[PDB]
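J.: show me the folded form of this:
(one chain, ligands or ions: 1)
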Amino acid sequence: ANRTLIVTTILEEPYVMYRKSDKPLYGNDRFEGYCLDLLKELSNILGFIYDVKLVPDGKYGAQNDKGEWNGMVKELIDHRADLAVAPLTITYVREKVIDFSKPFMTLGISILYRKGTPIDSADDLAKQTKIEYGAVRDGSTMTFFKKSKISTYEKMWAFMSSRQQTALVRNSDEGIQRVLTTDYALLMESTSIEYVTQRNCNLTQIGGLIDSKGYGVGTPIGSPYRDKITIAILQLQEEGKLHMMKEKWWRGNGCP
Ligand SMILES: N[C@@H](C[C@]1(C(=O)O)C[C@H]2OCCC[C@H]2O1)C(=O)O
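T.: Numbering: from 1, shown residues only. The protein structure is shown below:
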């Protein structure tokens with residue numbers, strides 16, 4: 001039989017979440033969400049079963065000064081996993097070290113904050129000195145700021161980096177908690193801002209999208225699966241299945 005594929009992933013609502021049950025759940029049955037449905041579809045099309053393993057360090061992946069990676073990206077580089085199926089952003093720096101499938105979703109960075117301030121943009125946020133801001137540590141949003149040559153974003157990176165201990169949060173849940181409980185705005189991918197702001201009416205998006213990019217399935221460079229997964233993703237795209245999956249997991253509007 002085809003070897004069971006190892007899937008690296010990360011907890012991130014509504015992509016990957018713990019299923020609620022009053023009885024024991026084991027293995028893949030512990031998880032549900034958009035990415036689990038995606039795996040069910042992809043595996044049907046490609047003819048494999050899989051083992052879902054949460055990334056040990058709880059990170060998406062960034063490289064340090066030595067050029068060393070962490071998170072799901074490192075799991076792929078080191079061939080610890082066959083596939084990464086998560087809200088994993090397709091980026092230039094990552095594409096040089098892993099293979100991505102074609103995108104299954106598009107999005108852009110924006111700002112999550114509480115309601116009631118005059119901040120209307122990243123420019124406004126960088127200029128003012130009352131509200132702190134940051135991003136999830138060792139994700140693509142952090143990297144966007146680190147690599148930016150746009151002045152506002154260079155300043156925002158210097159600020160985040162100077163206050164890294166508090167400004168760069170461990171994960172999105174910590175970021176949202178910091179937004180809700182302190183004077184802190186989180187730079188966050190838009191599809192997740194859409195999800196949370198329809199669930200917690202104290203939260204809002206500030207400004208528009210700062211960039212535009214996609215999520216893709218990650219594989220190690222040279223993987224024989226990448227092209228097959230790309231073909232399957234295009235099938236799901238064209239058949240309207242990706243759209244249906246988004247509707248299923250984001251439904252539906254809960255706030256004014
Ligand atoms: N998709 C990003 C991770 C992350 C970001 O760096 O913006 C953190 C996490 O934050 C909540 C939205 C989904 C995720 O995006 C990445 O692939 O590194």
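
J.: what does the stretch 1-150 of the chain have sitting close to the ligand?
T.: Where the stretch 1-150 of the chain comes near the ligand, counting by CB under 6 Å from any ligand atom, the residues are 12, 60, 87, 88, 89, 136, 139, 140, 141. Yep, even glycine has a C-beta here, placed from its N, CA and C like the rest.

J.: nearest to the ligand, of those residues?
T.: Lowest distance from the ligand to these (CB to the nearest ligand atom) belongs to residue 139, with 2.4 Å.

J.: list the residues that contact that closest one.
T.: When contacts are counted by CB atoms under 8 Å, 6 or more residues apart in numbering, residue 139 touches 59, 60, 61, 62, 89.

J.: do residue 79 as well
T.: Contacts of residue 79 (CB under 8 Å, 6+ apart): residue 220.

J.: helix or strand: which one has it?
T.: Per DSSP states H and E, residue 79 falls between elements, in no helix or strand.

J.: how close does it get to the ligand?
T.: Look at residue 79 and the ligand: by CB to the nearest ligand atom, to the nearest Å, they are 19 Å apart.

J.: before we move on, back to that, out of the residues of the stretch 1-150 of the chain next to the ligand, which is most surrounded?
T.: For these, the largest neighbour count, defined by other CB atoms under 10 Å, is 31 neighbours, found at residue 88.

J.: can I assume that one is in contact with residue 214?
T.: No: under the contact definition of CB atoms under 8 Å, residue 88 does not touch residue 214, with a separation of 9.7 Å.

J.: circling back: want to throw the contacts of residue 139 into TSV with distance to residue 201 and secondary structure?
T.: Formatted as TSV, the contacts of residue 139 follow (distance: CB to CB, whole Å; DSSP: H, G, I helix; E, B strand; the rest coil):
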residue	distance to residue 201	secondary structure
59	30	coil
60	28	coil
61	33	coil
62	33	coil
89	28	strand
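
J.: dihedrals phi and psi, the nearest residue to residue 2 once chain neighbours are set aside?
T.: With CB to CB, 6 or more residues apart in numbering as the measure, residue 48 is the residue that lies nearest to residue 2, at 5.2 Å, once sequence neighbours are left out. Reported as degrees, to the nearest 10, the phi and psi values for residue 48 are phi -140, psi 160.

J.: dump the residue contacts of residue 48.
T.: Taking CB under 8 Å, 6+ apart, one finds 2, 4, 5 in contact with residue 48.

J.: equivalent analysis for residue 103, please.
T.: 90, 214, 215, 216, 233.

J.: and the gap between the last one and the ligand?
T.: Relative to the ligand, residue 233 is positioned 17 Å away (criterion: CB to the nearest ligand atom).

J.: what's the answer for the second one, then?
T.: Separation of residue 214 from the ligand (CB to the nearest ligand atom) stands at 10 Å.

J.: and if you look at residue 126?
T.: 18 Å.
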